[PDB]
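Written below as structure tokens is the structure these notes are about.
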Amino acid sequence: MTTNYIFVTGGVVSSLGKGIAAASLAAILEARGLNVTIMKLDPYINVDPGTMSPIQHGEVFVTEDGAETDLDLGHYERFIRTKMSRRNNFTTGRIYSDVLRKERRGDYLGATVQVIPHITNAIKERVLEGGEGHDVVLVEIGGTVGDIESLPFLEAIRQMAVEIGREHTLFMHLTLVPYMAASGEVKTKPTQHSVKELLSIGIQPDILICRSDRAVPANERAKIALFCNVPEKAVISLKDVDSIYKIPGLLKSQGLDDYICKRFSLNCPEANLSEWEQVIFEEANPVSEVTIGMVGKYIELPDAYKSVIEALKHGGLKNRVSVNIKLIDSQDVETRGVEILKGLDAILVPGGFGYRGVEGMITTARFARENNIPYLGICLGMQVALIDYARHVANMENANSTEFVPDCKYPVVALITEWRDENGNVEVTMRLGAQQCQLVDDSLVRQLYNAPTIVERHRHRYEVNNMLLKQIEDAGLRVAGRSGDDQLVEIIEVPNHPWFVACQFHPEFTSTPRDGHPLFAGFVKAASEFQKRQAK
Amino acid sequence: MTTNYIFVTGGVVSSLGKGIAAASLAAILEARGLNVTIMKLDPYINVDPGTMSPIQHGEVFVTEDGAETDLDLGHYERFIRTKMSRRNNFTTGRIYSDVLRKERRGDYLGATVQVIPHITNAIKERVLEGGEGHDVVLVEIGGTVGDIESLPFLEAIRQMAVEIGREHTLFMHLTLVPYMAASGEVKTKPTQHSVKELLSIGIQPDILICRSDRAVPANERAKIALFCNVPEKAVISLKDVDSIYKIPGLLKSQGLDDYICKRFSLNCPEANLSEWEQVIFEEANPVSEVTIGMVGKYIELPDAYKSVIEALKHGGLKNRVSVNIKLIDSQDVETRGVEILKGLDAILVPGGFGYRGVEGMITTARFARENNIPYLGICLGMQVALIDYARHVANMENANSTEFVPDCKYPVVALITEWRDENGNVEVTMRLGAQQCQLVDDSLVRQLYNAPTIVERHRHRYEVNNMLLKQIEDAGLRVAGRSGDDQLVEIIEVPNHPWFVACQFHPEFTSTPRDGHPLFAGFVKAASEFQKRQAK
Amino acid sequence: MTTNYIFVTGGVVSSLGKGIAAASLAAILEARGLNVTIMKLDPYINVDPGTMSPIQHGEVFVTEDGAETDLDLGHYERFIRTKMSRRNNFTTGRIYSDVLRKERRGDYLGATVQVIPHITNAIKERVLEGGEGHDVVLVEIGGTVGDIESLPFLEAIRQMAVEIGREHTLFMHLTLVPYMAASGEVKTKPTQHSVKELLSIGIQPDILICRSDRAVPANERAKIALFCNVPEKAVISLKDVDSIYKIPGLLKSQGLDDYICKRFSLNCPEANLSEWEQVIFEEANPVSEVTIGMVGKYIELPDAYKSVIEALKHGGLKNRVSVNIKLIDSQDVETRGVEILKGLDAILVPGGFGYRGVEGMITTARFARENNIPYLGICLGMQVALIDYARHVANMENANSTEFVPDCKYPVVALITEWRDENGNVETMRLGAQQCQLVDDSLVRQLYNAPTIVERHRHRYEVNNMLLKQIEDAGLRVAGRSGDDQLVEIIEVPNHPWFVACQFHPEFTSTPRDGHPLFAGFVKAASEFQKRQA
Ligand SMILES: Nc1ccn([C@@H]2O[C@H](COP(=O)(O)OP(=O)(O)OP(=O)(O)O)[C@@H](O)[C@H]2O)c(=O)n1
Ligand SMILES: Nc1ccn([C@@H]2O[C@H](COP(=O)(O)OP(=O)(O)OP(=O)(O)O)[C@@H](O)[C@H]2O)c(=O)n1
Ligand SMILES: Nc1ccn([C@@H]2O[C@H](COP(=O)(O)OP(=O)(O)OP(=O)(O)O)[C@@H](O)[C@H]2O)c(=O)n1
Ligand SMILES: Nc1ncnc2c1ncn2[C@@H]1O[C@H](COP(=O)(O)OP(=O)(O)O)[C@@H](O)[C@H]1O
Ligand SMILES: Nc1ncnc2c1ncn2[C@@H]1O[C@H](COP(=O)(O)OP(=O)(O)O)[C@@H](O)[C@H]1O
Ligand SMILES: Nc1ncnc2c1ncn2[C@@H]1O[C@H](COP(=O)(O)OP(=O)(O)O)[C@@H](O)[C@H]1O
Ligand SMILES: [Mg+2]
Ligand SMILES: [Mg+2]
Ligand SMILES: [Mg+2]
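Those protein sequences? They're chains B, B' and A, same order as listed. A prime marks a further copy of an entry chain. Just so you know, the first sequence maps onto residues 1 to 428, 438 to 545 in the authors' numbering. Just so you know, the second sequence maps onto residues 1 to 428, 438 to 545 in the authors' numbering. Just so you know, the third sequence maps onto residues 1 to 427, 438 to 544 in the authors' numbering.
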């Protein structure tokens, strides 16, 4: 079978939704029984996102294979069943760095290494690699057409198009079609100027995804179609919707899939799209609603928690519950006190790094624990709990994590190597990607997950100090999950609490609108119950 | 004192002479008593030229400080007395690689590292660094305006201009002004289109260096001046000349220096320009002429030997001899035989790497030696000699260099570590940049250089096997120079030969038109003598 | 039969030779029995080219239908047998003028007239109007790609190509590939940037015509081919040649025609460049050489006299003679004297307008007639002759043309209305092709070998029929007449070696391939004289 590529670009502005539009398209092609995939090309120099601050570009998606990537990969996984790999994401940095080493060790044989073709070639290699055995590959070019940081990417793809030929390649360009309140009309001009931009680099768009407040009247669509030398049909309107789960539907509604299948000469049986409809439906027909407090540190940038939010959302879906997420900065907790934790049906403590707020978190766990509030802790969210418990239950006085106080008497949380006693006795690092995990019989999670073992994704160094374990266990805490090896503790639960769970891995990276996720589903049902009973 | 920058760019085509034009300008500013320097920015990805094949971009200039750089740095040194340092040359590669490590180790604090400003900033840093304590810095931007590989450089400099302000910055742009044989006229159009290119990136040229076959009539100059929004005076004609030594003169002739001093508000006393005139004069008034054979391997690309050629040229100057360089590929030597070495007044064997031709070279040395032909060998040129001698004089049968035959009985040439015997006995790497060297009493060179010690530049690994030395010495060869430490052999001479010298370092990197060079001068006088006596 | 279009564009610099390139390309397609045509679009405001001076843009070509056009049309006509009409040449000025006009008479219905589409449409209209009934049309866009001057033209064609489809549209782009002495290499960069310029405007060239002083190495070519996404076969090398007449050959030699034929799905029998071959052959093998003197005004712009020059060049092909053309300023005749006419095997006085050096010309005319030197005078050149004769022979003191001296007394030359005698007794501008009646015993009748002929005019001032009989009497021959008012078209001097002068511009009908009676004969004479004189 011949592979096909859909190059996705955006113009006018960034924050256009190129990531989502591609996933949506993928979803709709998935639905037509096609072997599909997506890949994101990042113009930034960071070798990988492993370095970026969540507040810069958002959260660090972690793939099964332990790669740290752009959040768009999440979008990818929540729209198509294909699993993302290191292969699905790459930055200029990565590109350059490879080329540099190659060169540095002489793979170019004293040749002058240039942007064209050396660099372009490298880009192309990676794209094909990502394509590798798929009917359709969606290649998201990050950035805005017309800036310079993406020139190579573009040149690269332009080349590919020429080589592969247009029978297996398409140019899908997202553009902004602003609404002029005064004139009372939408403007194509921007689209015009942008398209000219593409042309000017040898690229002629095949399809135009017109973003805007509202729909893009046939009138203007025609206008566009005409000046872009694009078939009217190829001009799609992509207005702002109240739920991205609808996006797939609009595309289809406009026979994008078709257009796509025809251009590529593929056999695409008619689809149902029932799964998306169902999601939408569940979404719109809630029974109860609740408020969930998400207490963290990077809350200034919600995208810093993309996946988690979504996961909560899916939770609601699976339970016909409407979730209202109250974003809470730990600072303010230690600052203004628990008072703020008033009015919550459940609480979530996500991962992070710092100490910046840790305290607040802890306090919070404590609060949720003491006040029997359904609580869910992830990564940092788990430690904070261990801590709260050890401190105020095991009476480990000033329990902590070597990450924040390398010399605590009780380093309940610490790297393996650091592992010591309250005395000082010893024993005779970065966990990334998918990891098997054995669930404990008689544990909530064993129930929820409904299986002895599961697989979740990791992104952390600090572990639960096995040395101080038995002690805490003895205090009451319960180990619900472990990881083979040094049987490292992965999940813990508070025994006789309505719903109190905490884990190392990032369940969120595994949840989806379509199939939800056990923990969140449970977390969610729990929160409802709470609210219901808070007046039962 | 405030530093000033002259940004040099070229348009239309490459091979415009931007390197030379800058040196020429520098020379003329030097001459007006200004503290000046030049720097070259290379758009290529190679971290440094240390990797490039001479045939790709030409020879690898080596600075005092042992850096491997663009040949333009040579041009630089042959026009101004300032010495070049690693600081005077840099590539995108170097730029990127620095940024990558910085980032890789987190100097950006989880920030998204971008082209703008991260990369630009890095470029700027380096430029200032190069500027550091100089009245005037000429910054040569490599490549052609309008390609993408130099966008960052340009953006970078544009920024600098804005920051520094136009009281301390200028844009000098070289352009092509083609001659239309049919129309019988020169065309500015190209210049027009190029300038538009600059503008389009925020840059407005301050001066225009118009290249062409002939001079650029005032008519067109005016035309240009007018549409480029450039003072007529700022429009210079830079025709093709029979000797680059004249270039400086034209610039001056057009009061470029002045223009420059005024724009920068500098105190520039009137100059003489006598040194350049003198050079030109010597050049034009030769007494004898000779033919010098340059037998090597990379001869397909003359630029592969820039410096050497020049050095020979300077030799001629200092001796009022006209040198005719017969370029000779070793291959053809071993192939067609010595026959070809017929009709030479002297012979030069430059450096290189391979084995590709080595044999030929050797044969050649032999030839020159046997036939009493003034011979000069550099780097590879030296080994080849050692070899010839050891083989055909010391009777070391198949003497060689571990670089070409790691298991010879007699590895006369070898890395220190490799050093062994003809038996196999032992003893109980890259030399770069300026190195002191002690001359041997009673040696030609001691005479020529007129000093006990000198300083030459190195670029090699393989050394003369001290183990097999005494043997060869005994055979007749003479060590004329050594390098302290392992008193490594640097120069050798054949005792009772008209003029037979060979050395490790690259004298060429130290010669100039203005002050010539001893060895070459001698080499040269010798060749004359030969020719004169070949009919005396 | 679906009309096909070849858009001819040029980059890097102006003066690339698009006109010729296009003409040569047509020549070939014609040679494949193709119904071809060519048109030229000028980014200029001058409505009519008939206004601009020759020192400006060269000669004003005149078509059959009387249109005053850009010289390129001359090229066209000398490469293809198709005939040009006004519909084959247009300026921006014409377009706007039409639109404006068409606008003012409410044709637009209070609509806003815009560059796009209004202007662009206007253009497309003309383009099609001009490609009416041809399988192949060659549209040459004037100006350099990248200049604002021609965007509308460029946009118009882009549109067409689109509407029409690639199965009948091609983009042939002329480019400059300079040679760098130092480097010793030809440069493709400019081409690169040039193509970018095109792409920037929505056009992607189909063929590349590489202009250079030397041929373009495959190596470089291949490069280009790549970066421009054109088949190597589509990248033509078109070096500087010693004679444009080889162009066709070059082109075919490279298979361009085949490319076109295939691209257009046209049946094209193998080409026949026999005639082009002949021309080249003749050109290269002269058996004799002469030096012909062209005495006129605007000689500071050879292009001002294009068609004439060629015609000469062509008379030589026919006679296998090498023509040495000596450009001479009539003024210098007035000034320096008849000395300059010293050493010429024949004299040619071209037309023109303005009193400037008319007198120098008269002297020249005399000289030739008096010294028995073959003479050919066109338009002004004819008058000058009449004048000469009238005076120097008919003793018509200070004879002249009311174009320079209205109180003549002897206005042997003047508008028809103006006709009047010496005593004072009595009783617009001609353009295009017109029948001419040849006088029976006239030499000109002989050369032409026919009672009537057709030639093109571009003038106002006419032979004063009033003073005719007089001069006619002094012994002057009236070789050709118009029609009705039997106006004098040609006059021959009695028993001079070869003395001919005419009103119309024969040069507009000469051709390398078919030559021209007058010129041929003229040149023939030049020789005989040259010969005799020795
Ligand atoms: N490359 C182009 C394209 C169009 N136009 C001009 O664009 C004008 C129409 O644009 P405008 O009225 O501003 O609106 P639209 O192009 O329809 O776009 P919109 O309403 O979406 O802003 C026309 O007169 C046309 O001459 C132009 O000058 N250059
Ligand atoms: N940005 C520009 C600049 C100039 N022109 C047009 O350029 C023409 C003149 O150019 P040309 O005759 O080709 O030669 P020059 O510009 O003088 O340049 P050169 O002779 O060096 O090629 C003018 O009609 C002017 O309208 C244009 O269309 N767009
Ligand atoms: N649009 C482009 C095309 C190429 N390059 C760069 O172009 C350089 C090569 O150009 P150069 O050596 O100057 O000559 P060519 O383009 O090969 O052609 P010519 O020598 O005929 O001018 C490479 O570094 C490549 O990265 C660029 O920056 N932008
Ligand atoms: N059609 C839409 N309606 C509403 N919100 C949208 C739509 N498309 C995208 N979004 C939102 O806009 C932002 C851009 O999404 P993304 O696809 O990641 O943009 P980018 O183009 O930068 O990749 C996200 O916050 C996403 O939730
Ligand atoms: N004015 C000139 N006359 C003759 N040769 C020149 C002139 N300027 C430059 N050259 C030659 O042209 C080439 C370009 O020189 P250089 O300055 O290195 O070009 P670039 O613009 O690529 O840096 C060299 O071979 C040099 O010898
Ligand atoms: N291959 C060629 N060799 C020599 N002269 C040429 C060639 N092609 C064109 N020319 C000449 O160059 C000039 C350019 O004229 P023209 O063809 O009108 O160029 P343009 O129309 O592109 O301005 C003319 O004098 C023409 O005769
Ligand atoms: Mg995205
Ligand atoms: Mg340079
Ligand atoms: Mg033309």
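Think of the CB as a built atom: it goes at the ideal place given N, C-alpha and C, for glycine as much as any other residue.
At which residues does the beta strand (DSSP E) containing residue i begin and terminate?
i: residue 497 of chain B'; result: 497–502
i: residue 64 of chain B'; result: Neither: residue 64 of chain B' is in no beta strand (DSSP E) and is coded neither H nor E.
i: residue 511 of chain B'; result: 509–512
i: residue 375 of chain B; result: 375–378
i: residue 110 of chain A; result: Counting along the chain, residue 110 of chain A falls outside any beta strand (DSSP E), and DSSP gives it neither H nor E.
Can you name the residues of chain B' whose CB is closer than 7 Å to the CB of residue i?
i: residue 118 of chain B; result: 45
i: residue 151 of chain B; result: 148
Name the chain B' residues that come within less than 9 Å of residue i, Cβ to Cβ?
i: residue 515 of chain A; result: Near residue 515 of chain A there are no residues of chain B' at all, since even the closest Cβ is about 24 Å away, more than 9 Å.
Does the CB of residue i have a neighbour CB from chain A at under 9 Å?
i: residue 202 of chain B; result: yes
i: residue 190 of chain B'; result: yes
i: residue 15 of chain B'; result: yes
i: residue 70 of chain B'; result: no
Using a C-beta to C-beta distance shorter than 9 Å, which residues of chain B count as neighbours of residue i?
i: residue 219 of chain A; result: The premise fails here: residue 219 of chain A is roughly 16 Å from chain B at the closest Cβ pair, so nothing lies under 9 Å.
With residue i as the anchor, note down where its alpha helix (DSSP H) starts and where it stops.
i: residue 227 of chain A; result: 218–228
i: residue 30 of chain B; result: 18–30
So with Cβ pairs under 9 Å, would you call residue i a contact of chain B?
i: residue 162 of chain A; result: yes
i: residue 199 of chain B'; result: no
i: residue 121 of chain A; result: no
i: residue 155 of chain B'; result: yes
i: residue 233 of chain A; result: no
Who are the neighbours of residue i on chain A, taking C-beta pairs under 7 Å?
i: residue 187 of chain B'; result: 13
Listing by chain order, which chain B' residues have their CB less than 8 Å from the CB of residue i?
i: residue 111 of chain B; result: 52, 53 and 56
Which chain B residues are close to residue i, counting only those with a beta carbon under 7 Å from its beta carbon?
i: residue 106 of chain B'; result: 51
Would residue i count as contacting chain B' if we go by Cβ distances under 9 Å?
i: residue 96 of chain B; result: yes
i: residue 237 of chain A; result: no
i: residue 329 of chain A; result: no
Taking Cβ-Cβ distances shorter than 8 Å, what residues in chain A pair up with residue i?
i: residue 229 of chain B; result: 162 and 202
Any residue whose CB is nearer than 5 Å to a heavy atom belonging to ligand 3, listed in chain order: Residues flagged by the Cβ proximity filter: B/114, B/115, B/116, B'/14, B'/147, B'/148, B'/149, A/187, A/188 and A/189.
Contact shell at 7 Å, judged by CB to any heavy atom of ligand 7, ordered along the chain: My final list is B/18, B/19, B/40, B/72, B/140 and B/142.
Taking the runs of the beta strand (DSSP E) that are 3 residues or longer, which of them lie wholly in the region 67–137 of chain B'? Qualifying beta strand (DSSP E) stretches, in chain order: 89–91.
Length-filtered (3 minimum) beta strand (DSSP E) runs lying within the region 186–219 of chain B': The region 186–219 of chain B' contains these whole beta strand (DSSP E) runs: 207–212.
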